[PDB]
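To start, the structure under review is shown below, and the notes come after it.
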Amino acid sequence: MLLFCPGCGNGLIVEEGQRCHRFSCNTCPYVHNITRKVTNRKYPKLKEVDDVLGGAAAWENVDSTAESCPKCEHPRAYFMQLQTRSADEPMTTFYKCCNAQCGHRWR
Amino acid sequence: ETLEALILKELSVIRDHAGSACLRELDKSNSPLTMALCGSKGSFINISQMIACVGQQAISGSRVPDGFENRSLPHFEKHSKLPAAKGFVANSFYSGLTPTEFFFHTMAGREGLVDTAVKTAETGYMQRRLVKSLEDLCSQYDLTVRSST
Amino acid sequence: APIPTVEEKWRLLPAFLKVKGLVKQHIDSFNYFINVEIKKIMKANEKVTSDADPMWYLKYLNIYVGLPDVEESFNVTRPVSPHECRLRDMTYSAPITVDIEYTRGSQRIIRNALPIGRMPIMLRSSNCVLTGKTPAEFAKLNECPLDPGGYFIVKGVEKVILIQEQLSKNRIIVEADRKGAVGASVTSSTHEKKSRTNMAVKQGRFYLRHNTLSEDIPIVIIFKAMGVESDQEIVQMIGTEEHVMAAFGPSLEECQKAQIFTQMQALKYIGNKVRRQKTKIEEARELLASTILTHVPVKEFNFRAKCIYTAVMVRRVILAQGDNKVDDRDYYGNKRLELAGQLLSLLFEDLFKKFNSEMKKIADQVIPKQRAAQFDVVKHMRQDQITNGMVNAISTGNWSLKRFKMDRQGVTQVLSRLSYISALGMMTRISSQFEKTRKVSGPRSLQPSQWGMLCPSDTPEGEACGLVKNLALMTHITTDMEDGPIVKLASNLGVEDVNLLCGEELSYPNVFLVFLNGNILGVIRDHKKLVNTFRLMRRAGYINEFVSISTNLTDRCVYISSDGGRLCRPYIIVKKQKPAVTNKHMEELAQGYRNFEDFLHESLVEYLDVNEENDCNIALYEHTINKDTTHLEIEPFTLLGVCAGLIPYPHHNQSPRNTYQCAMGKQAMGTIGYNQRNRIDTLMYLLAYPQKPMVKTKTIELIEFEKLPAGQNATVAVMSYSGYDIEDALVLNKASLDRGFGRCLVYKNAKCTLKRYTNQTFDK
Amino acid sequence: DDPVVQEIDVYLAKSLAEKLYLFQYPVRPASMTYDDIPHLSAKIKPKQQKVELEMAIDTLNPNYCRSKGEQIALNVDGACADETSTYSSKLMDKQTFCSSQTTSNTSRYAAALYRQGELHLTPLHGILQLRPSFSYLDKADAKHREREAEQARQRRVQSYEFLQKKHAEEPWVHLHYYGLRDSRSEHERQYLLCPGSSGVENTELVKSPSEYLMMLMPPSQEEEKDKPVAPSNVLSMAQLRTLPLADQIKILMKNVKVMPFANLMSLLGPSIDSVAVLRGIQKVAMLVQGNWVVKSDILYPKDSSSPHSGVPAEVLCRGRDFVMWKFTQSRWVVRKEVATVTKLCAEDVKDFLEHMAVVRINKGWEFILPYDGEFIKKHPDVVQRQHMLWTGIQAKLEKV
Amino acid sequence: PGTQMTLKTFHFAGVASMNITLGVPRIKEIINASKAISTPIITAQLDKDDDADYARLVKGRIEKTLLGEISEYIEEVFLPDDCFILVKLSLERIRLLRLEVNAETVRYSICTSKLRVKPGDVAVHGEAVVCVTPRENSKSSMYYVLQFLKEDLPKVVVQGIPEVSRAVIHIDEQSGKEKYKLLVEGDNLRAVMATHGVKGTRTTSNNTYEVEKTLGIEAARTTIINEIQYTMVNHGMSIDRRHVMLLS
Amino acid sequence: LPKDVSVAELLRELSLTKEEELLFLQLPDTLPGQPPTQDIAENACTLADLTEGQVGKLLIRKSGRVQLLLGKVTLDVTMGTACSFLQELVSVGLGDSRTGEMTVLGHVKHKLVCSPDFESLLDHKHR
Amino acid sequence: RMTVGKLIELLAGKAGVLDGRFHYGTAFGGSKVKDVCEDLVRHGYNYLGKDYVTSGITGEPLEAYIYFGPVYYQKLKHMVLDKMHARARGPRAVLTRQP
Amino acid sequence: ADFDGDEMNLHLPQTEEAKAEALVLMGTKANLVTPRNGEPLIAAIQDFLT
DNA sequence: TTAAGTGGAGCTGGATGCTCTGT
DNA sequence: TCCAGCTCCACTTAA
RNA sequence: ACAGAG
Ligand SMILES: [Zn+2]
Ligand SMILES: [Zn+2]
C-alpha cells in the first residue's frame, strides 16, 4: 500500500535498520519503526461455481433432522452455502430438489 | 446474454407463427404464392414479411446496438431491453413502418449494401493470388498432374 | 383518455425553411466570413514593419468586400450579373478595398480605398446582386428564382465547396491501440498551433508522447516539471481509490529510480530529450507552456490548470483498463462540420500573411539601398497574390496551406445540372474524413446518432457508400459564439475554482467537473440544479440558444459546448405531459401575428444537439408522451432528406430500394430552370413534355419540385407480356412514343477562343 | 416553508479586510496541525503575495534517522564553512515552505466567524497554498556541480528570465510568528467582529430583483451601429424600445392582412393611450366589414415590380382598392369575371384575394372571420365620416 | 464462391459460444498458411464420455487457472524481524473444482520464470498457506519489489496448459446417445493430445501450422481439405472435392 | 462517510455545541449594491466597497432550504466541496516599513457557496 | 424486392385522376388504402384496381385480372446511342503501340 | 446479367485457328454445366418457370 | 570468468477490384 | 490499414 | 484529380 511522509510527502520505502524494519523516506531523515504486525489484504475474485455443482456433485452439507423442502415436504433435496465472490461476502443459501416426476430449482 | 437468447426466441416465434397464418389464408392464384411455389422469384419469408410481420432487424447477428448512452435512440428509456426498443418491427410492409422501425430496418439494410461494396476488394485480390499459384498445373498424357518445371 | 393532438404542428417546418436549412447553411457561413472574420484576420495582422530602417510603418484600419464588378479593356467598369459570368467564362468577384495609414516622411499619410484583390462572391449571399430581388427582376438578370445559390462561379464553371466532416478538436479520446493497450489523446488545435499528445501504458507505466520529444517520457517527471513535486499531490489528483493507486504505483517507482525529485532536475531531464529545431531548462519550460497540451492556458508560467487536465487524462486511462469503455469516433456529437466560410477564412489568412511578407521584403530591399525619396508601398501593392490565390484554390480544389500543414484535395466539385434535384441535392452533401482509404465497414454503417440530422437512405451505392451523406430537411449548423456570458453565468451558478482545492475532490462521488470546449472551468456539487438553471437561462434568451449543455454521469463531467459546426435540430418543449405549442399559437402563426423566432423566445421550441438529446426523452407523437418526456418531435417525415422526399410511401418499401431512387432521381431528365434556354452548358438534357407527379410528398411542395418536374405519368399494366421483359426489361407502346412519351432533347456545347499573342499577331 | 428555525443575523466587519489571509496545506491532513511545531521565521512580499515559512524539526524523537540526517546536511553544506549555511547544526534542522498563489482576485471570498445566533463576515486579501519545498536538493546539486566541474521587436514579458527579475525587485518583509496558542491569537480574533446595533436597516443593497438580474447579466450591445426602421419582419410580440408603438402596428398589419378590433387591446394592453392613437391607425388601416384591412400604401409604392412568376405586371393600387371598395358596398365580390372589368391578370386578383379569404364554389371567396361589432369603442362620429371618406375613395375610382 | 459469401453471422459451432471466423476471412486464413490465426479451436474427444463428472476433471487439467483465482486472499505482512507476502489457498474451492493442486504444488508453480525467486524463499507452513519472502532484484529495481509481486503473483499459472484461454463442454442432441465432447479455444495441440483422459487419437485442430508441427505434412494436407470444405458448406456453396484436393 | 447539508451544519453549531467556528464562504461576483460615493458605470459591487454594519439576514426554512436575504433579493446557500486538508486563517500586518506581525486566528473546516436564485429572479419578469 | 409502395402509388394515383385530386404519399403518413378503395368503386372501377382485360393478339379475354394505373416514370440520362462503340483498327498510343 | 442498363463486351477473333478454339472449347452448348460442381447454369429463368 | 548459441523485441518494406463514360 | 524478414540485445550453458 | 454506371 502507498504510505507517504508527513514531512515532505514523497513516497516511503520499507528498509531495515539496526533494531527494526522501517518505513523510510528517500529525501528526508524521516523513518517509522515497524513495532507491531501490520497487514494489507487483497481479496481477489474466485472462479464461478454455478456450473460446478450442477449434475450430481459431491455435496455434503446435509445433516440429521434437516428440514424438508417447502414444495414436496420431503427431505429428498440437497442444500449448501457458498461464497460466490471473495470470503468477505456473507454466504448465500441455495437448494435443489430432485424427486420422481418432479424437477425444480429454488432459492 | 441469456436474456437476449430468450427474447430472440420469443420474437422468432411471432414471425414464424404469423407467417404460417398468412399462407393458410392466401388463396391459390395469389401471384406471390405462385412465384414462391414454383421458385421463380421470392420465398415464403418474403410473402410473410410483406403481409404478416417484418422480422427482428439484426445488425452483425445481434439486436440493435446502443448508439446513444445506454439506449438505441432517445425515444426509448435507458437500459430498456423491450422488443421495439431494440429493432423488432411489428409492422409489415403493407401496414407501413413507423419512424423508429424504419430507421432500424434501414440500419440492417445498409450492412448488405456495404458488404457488396466491400466484396469486390475483399475477393478479387484473393483470386489473383490463387491463379498465379495454380495456373501452371496441367493434366498430362501419362495421367499425372505436373508443374511447368 | 387519449392525449389530444395539435394537427397544425407541421406548419413550424415552412416557417423554419424561410430562415434556416435548405442551402441557407452555405449562405450563413459565407456571410459570417465576409462581414466579421475578414476583419479579425486584418486585426491580427494590422501592422507591418521593415526590420531594416525602423520608425516607418504601414497600418491597416479597416477592410471592405464591396459589390461585383468587371474590369474591361479601356478601364471602364460596370456591375455584372451571375449569368454574364457563365457565358463569357469569367469569375464573379467583388474588389477587396482596404484603407491604410502609412509614412512618406510625414508620419501619417492615409488612403481610404486601396484595392488589394478580388473576392469570389457566392450566389445569394449579402453582396450578390440577386439577393432581395423579386421574380420579375430575376428575369432581367437571366436567373431562376428556384436556383439555390450557395455556389461560386470561377472562370465560368459553377463550383460548390462541399461540407467537410471533421473530428472535434480539444477533446480527450480514450481508445485502444493496435496492440490492445488502452491510451488517450487530445488533438489540441488552437489558432496558433495544432498538435497531438498521447498517454501510453506501454509497460504498465504511464508515458507522455509528443513529436517534439525524441523519446516518450514518464508522466511523473512531467508532473514534477510542472511544479507539483510531492508524490502525494500527484496521487491525490490521479485518484485515491485503492485500485487506482495500485495501477499508478509502478509509475512512482520509475521516477524514484532516477534522481528526479525537483522541478529543476525534471526540466533538465526533458531538455536532454527535446529534438532541436539557453538549452536544457528553457527549451523544456517553454515547451510545456506552449506546445504540449497547448489548448490549456498557462498565464504566467503557472502550471496548476494544466496539471488538473493531465490528471483527468491519466484517470480515464486507468478506469478504461478495468472495463473497456473505449470511445467510438462514430458518435456524431464528436463530429464537427466545416462549411464554405470556415475554409475560406484559412485560405485568406495564408494569402494575407504572404502578402504582408512579400511587401515587407520589398521594403527591406529598397529602403537601405535605393534612394533618399521615402518610397510609398502603394506602388508595390500588386493585386495578383490575392486574386489568383482565391481563384486557383476554388477552381482546382486543392487547399495546400503550409502554415497549418493542411493538404486537402477534392474540396470543390462542379455543380451538377442533370436535373433540379441534382443541383439541390449536391448543396446538402457531407464528404467524410477517411475518403475511401480502405474498406473499414465501421463509419460506413448507419449510426443511430444520425437521427434527424443526416438522411438514412440518401447515400451512394458503390465505393463511396456511407462516406458521402446528405443533410435532413430540418437541420442547422451552428456558428462560433462570443463565449463571454457563458463564463460569467457559470461562475454564479456555484462553480468553484479548481485552483482553490487539492487533487482529492476529483475522486469524490458528489463532485462533477464542468468543461467548456475542453477547458476546465471548475467543479460543482448538485449538477442537476446547474443543468436545469442553464437551460432556463437559455430559454429566456440570456444565453444564446445554440449553446448546448449535457451531463456524463459515467465519467462525472458536465459539458458546455459553444463551438461552431455541430448539428442542431428543433423540438417542441414538453412540460408535465403537455406540449407547450397549443392550437392557439399555430393559428397565430398562419395569420402572421408571430414567426418562428417567437417560438424560441416564449420557450415553446428549443434547439437540441446530439450531445444533449442523449439526456432528453423525445416523444415521436403526442400519444406516446409518458411521465418522463422532455421534448416532442415536430415532423417525423423530416428524418428523410431532399432526394428521398420524392419517393411516395417509402415506409412501405424495402430499404435498399429507397437508396437506389436517391441515385436514379438525380439522373432523371427534366427541367433545369426558367433560364434553361438562355443557358449554354457543356451538356444539358431536357424532357419535352414534363408532367408533375400524380402522387406527391409534402417535401415535393416545400422544394417546389412540381414547378419544374422531371417525369411523365405512364399508364402501367402490371403483367407478363411477350417474354422480352424477363429481367427488369419493360415493354413500351409504339403509339405512345409517336405521340411524345419520353421525347427528349440533348444539348451540347462547342466553344472556340481566338487570342491575341504577345507578338502583334492574332487568330482569325 | 416558513423560517421555523434560526433566523440568523449577518454582520460585516472591515477592520481586518486588508490583513486577512487564508493559508492552506494541500498535503497535510486536517488532524495533523502545526500548532505544536516551533516556527523560526516568516517572510512575505506584500504585493505579488508570496509567503515563505521555515519550521524546525526535532532530532531527539525516534522518527529522525540521524545517520541519514548527517549525510543530507553534508551534501547541502560544505563540511565546516558555516558563514552562509541552510542548517546551523550538523543535521537537517529545518523544513522550508514555499507558497503558490491560487487566484488573482479574492473579492468574492469571505471568512465567517460564527457565534450563536449571528454570523460575522470579513473580506479576504489573499488565498495561498503552502507546499513543502525541495530547494535544498537543488542547492545540494549546485554545491556538487561546482566541486566537480535598431534591433527587431522583442517580447521580454512572455519570458521566465525577465518575469523572475521583476519579482526580485520587491524587498523581503520579515514577520514574527504568533501561533494559535499565544494570547495575541485570542486577542486579534475579536477584530473579526464588528461593533453595531442588533437591528439596522441597510442603506445599501436596496436594488430590486430585476435590477440585480440585469447587473449580473449585462446586455450584449450598448448601442447597435445600424438602426432598424423595421421593413424586415422583426418580432411583433417584442415591444422594441427604439421602435415607436405605431410602427409596430404597421409591421403587424403588413403581416396580418385582416384582424379584429378587440385584439388591439389584447396585444397592447390597457396602458396604451387607447383613444388618441386612432389618428395614427387611420393612416395605416381602415375598418371594413367589421374588421381592419391593411391600407394600400403599406404593401406597394408605385414603382414595385411583379411579386410573382408568369407574365410581369405593373403595380396599380386602385386595382386593389376597387376590390376592397366592392367588399364595402356589396356583401362580397360575387361574380365570375371581374378580371375582365378591371383588365389585369387573374394571377393578380386570385393571389391578392388569397391573403384575406377562402374559396367557396362559384361565389368567389368567403370572408375568413365573423362580423364583430363596430360599436365596441365609444366613438359616435366616425360612423358617418367614414362614409364621407370612402365616398372620396370611390370618387377617385370614378376617374378611371 | 468468395463473392457469394455475404459474411453471414449466426455461426457459433452449435454451442452458442466459441465464435469463429467464417466466409472470406476463413478462406484467406487457410490459403495464407499463417502460423497464427484468430479464433483457434481444438476439438478434444473424451474417452470416458459417459457423464459430466469425468468431463470437468480433464477440463480442469487443460483450462488455465491462476493462483489468484483459487486464493481467498493474498496479504503483505510486515513484522519487525522480517517481511513477506502470504497466500492462503481456498481449499474448499479446490475440492469443488476437482483440481489436483495444494500448497506443496503451488511451490512448484512459483520458482519458474518469476524474477529468479529461490526455492528456499518459498515455504509451505500448512496445507493452505504459502509465503514468498522477497529478495532484491539487483537489476533496475528497488527491494520494495513487493509492489511488483502483489500484482504479479496472482497471475501465475498453477494448473493446466498456459496457451488455453478457455474450454467448454458440448452436448449432442441425437436420441440414440448422449456424450460430451470438449472444445478447446487455444493453440497447443500437443499438450491437449497428452493429458490423461483425452482420446488423443481423435482430437483435431483448425490450425494447419499446429497440425503440421504435431502430426506431419499428411495430416496438415487433410486439414486444408476439411477446413475449406467446412467453410464452403456453411455458406451453402458446394465444390467438388477434387478442387480443394488439388489446392492442398 | 455521508454528506452533511447546510441546515445540519448550522444546527450542530447552535444547539449541540456553543463553540465558535470559522466558516469560509463564496459570494456571487456582484452583490446587489451601489459603490457608495466611490467615483463609479454600474460596475461590480463587492464586500470591499460596502461599510460595516448589518448586511443582511440568514434564513433557515423547513425542509432544509437555506436562504441569504441580502437586500430585497434572497440568495441561495449550499455546501461547497468538502475539503479535508488543513486550512489556517492568518492575519498579516505590516505594522512597520520592514517588519510586522503574523498571527494564526484558527482553522477552517467548512465551505459555503452562495448563489443567486435565477429561477426566482426570472419568474418575476420573464423574457 | 417488396416495393409495396409502387403497388400503392398505382392505386392512389388511379383514384386521384378519376376525381381531380393529388393524393399524398408522405412518409409515415399519406393517403390510406381504405380511402382510395372507396374512390375507385364510386367511379365504377374495382376497388383493388384490377380490370377485365382482353388480349389484343387473339381477341379472347385474359383469365387473370390485370392491375391498371398511372405510375410516375422518369427517363434516365443513360441512352444506348451515347454508348454504342466499335473499333476495327485505329489510332494507337505513342509509348506502347497498342490502342 | 440483369438488363438494367448493363453493358457487355464483344470480341471478333481475327484468325481461323482462333475461331475453332472459340467454337469448340468456348461454345455455349459445350458449357451448359459449370466446372465447379457439375451443375447446369444455362437453364430456364423467371417467366419460363412460371 | 567468458565464448557462444538462441530466446524475445523493435525496425523496415511490402501489399490492398474490375472496367467504360465524362469534365 | 495489416504482416513477414532482418538486426540488436539480454540470458542461460559450458569450458 | 474528381463524379458517375454496371
Ligand atoms: Zn519524507
Ligand atoms: Zn422433488
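Chain letters run A, B, ... following the sequence lines, proteins first and then strands; every chain starts at 1. Below, each value reflects all heavy atoms present in this structure, side chains not excepted, and no hydrogens, waters or symmetry copies.
- Taking atom NE2 on G:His85 and atom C1' on I:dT19, their separation rounds to 12 Å, with Å as the unit.
- Residue-level contact check: C:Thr437 touches neither bases nor backbone, having no heavy atom under 4.0 Å from any strand.
- Rounding to whole angstrom units, NZ of residue C:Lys179 and P of I:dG8 are separated by 19 Å.
- Side chains of C:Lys335 and C:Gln433 form no contact here, defined as non-hydrogen atoms less than 4.5 Å apart.
- From the dihedral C1'-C2'-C3'-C4', which is negative here, one reads the pucker of J:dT13 as south, toward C2'-endo.
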*Using Watson-Crick and G-U wobble pairs whose two distances are both under 3.5 Å, how do you write the pairing of RNA chain K as dot-bracket, with | for links to another strand?*
||||..
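- Side-chain contact annotation: C:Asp407 with C:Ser400, donor-acceptor N/O pair under 3.5 Å present.
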Show me the side-chain donor-acceptor pairs of residues 150-162 of chain C shorter than 3.5 Å, one per line, residues at least two apart or across chains.
residue: C:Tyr151; atom: OH; partner: C:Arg86; partner atom: NH2; Å: 2.7
residue: C:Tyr151; atom: OH; partner: C:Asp147; partner atom: OD1; Å: 3.1
residue: C:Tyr151; atom: OH; partner: C:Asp147; partner atom: OD2; Å: 2.8
residue: C:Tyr151; atom: OH; partner: C:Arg417; partner atom: NH2; Å: 3.2
residue: C:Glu158; atom: OE1; partner: C:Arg417; partner atom: NE; Å: 3.3
residue: C:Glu158; atom: OE1; partner: C:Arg679; partner atom: NH2; Å: 3.4
residue: C:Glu158; atom: OE2; partner: C:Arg86; partner atom: NE; Å: 2.5
residue: C:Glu158; atom: OE2; partner: C:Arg86; partner atom: NH2; Å: 3.3
residue: C:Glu158; atom: OE2; partner: C:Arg679; partner atom: NH2; Å: 2.9
residue: C:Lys159; atom: NZ; partner: C:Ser395; partner atom: O; Å: 2.5

Donor-acceptor list for residues 73-82 of chain G side chains, cut-off 3.5 Å, not counting sequence neighbours:
residue: G:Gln74; atom: NE2; partner: C:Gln661; partner atom: OE1; Å: 2.7
residue: G:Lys75; atom: NZ; partner: C:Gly742; partner atom: O; Å: 3.3
residue: G:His78; atom: NE2; partner: C:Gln667; partner atom: OE1; Å: 3.3

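- Nucleotide J:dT12 carries a south sugar pucker, as its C1'-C2'-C3'-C4' torsion angle is negative.
- With sequence neighbours excluded, no residue satisfies ring pair (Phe, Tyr, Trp, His ring centres under 6.0 Å) with C:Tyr420.
- Taking atom NZ of B:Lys119 as the reference point, atom P of I:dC18 lies 17 Å away to the nearest angstrom.
- One interatomic measurement links the two molecules: CG of G:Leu81 to P of I:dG22, which rounds to 13 Å at whole-angstrom precision.
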*Which nucleotides of nucleotides 1-6 of chain K have their base under 4.0 Å from a protein heavy atom (B), which only their sugar-phosphate (S), and which neither (-), written as one string 5' to 3'?*
-SSSSS
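- With sequence neighbours excluded, the residues forming a salt bridge (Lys or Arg N to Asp or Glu O under 4.0 Å) with C:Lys666 are C:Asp458, listed by chain and number.
- Across the protein-nucleic acid pair, B:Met126 atom CE and I:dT16 atom P stand 15 Å apart, rounded to whole Å.
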_As a quick check of understanding, evaluate side chain to side chain contact (heavy atoms under 4.5 Å, CB included) for C:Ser445 and B:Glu111, giving each step before the final call._
CA-CA 7 Å; C:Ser445 292; B:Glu111 298 295 325; 2.7 Å; yes
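- Contacts of E:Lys8 classified as salt bridge (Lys or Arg N to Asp or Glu O under 4.0 Å), with partners at least two apart in sequence or in another chain: none.
- Distance check, rounded to the nearest 0.5 Å: NZ of C:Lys439 to CD of B:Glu122 gives 10.5 Å.
- Sugar pucker of J:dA10: south, as indicated by a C1'-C2'-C3'-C4' torsion of negative sign.
- Residues meeting the side-chain hydrogen bond (donor to acceptor under 3.5 Å, both in side chains) test with C:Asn198, sequence neighbours left out: none.
- When the pucker is read from the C1'-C2'-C3'-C4' torsion, the sugar belonging to I:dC18 turns out north, on the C3'-endo side.
- The pairing partner recorded for I:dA3 is J:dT13, the criterion being a Watson-Crick or G-U wobble arrangement whose two distances lie under 3.5 angstrom.
- Taking C:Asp328 as the reference, C:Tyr331 meet the side chain to side chain contact (heavy atoms under 4.5 Å, CB included) condition, with sequence neighbours excluded.
- Considering only side-chain atoms of C:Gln203, the nucleotide from J:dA4, I:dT16, I:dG10 that sits closest is I:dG10.
- Remark: the separation of the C1' atoms in J:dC3 and I:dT16 is 12 Å, to the nearest Å.
- If you take OH of B:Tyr125 and P of J:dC3, they are 12 Å apart, rounded to a whole angstrom.
- Sugar pucker at I:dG8: south, on the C2'-endo side, as the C1'-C2'-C3'-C4' dihedral is below zero.
- Distance, B:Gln127 CD to I:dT16 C1': 16 Å, rounded to whole Å.
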*In B/S/- notation, 5' to 3', how is nucleotides 5-11 of chain J contacted by protein heavy atoms closer than 4.0 Å?*
-------
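- Residue C:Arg178 places its side chain closer to J:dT1 than to any other of I:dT21, I:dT16, J:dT1.
- The residue among G:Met84 and B:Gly124 whose nearest nucleotide of DNA chain I lies closer to the 5′ end is B:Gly124.
- Considering only residues two or more places apart in sequence or on other chains, C:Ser432 meets the side-chain hydrogen bond (donor to acceptor under 3.5 Å, both in side chains) condition with C:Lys469.
- For H:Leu10 and I:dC20, the CG to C1' distance is 16 Å, given to the nearest whole Å.
- The salt bridge (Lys or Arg N to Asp or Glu O under 4.0 Å) check on C:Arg196 picks up nothing, with sequence neighbours excluded.
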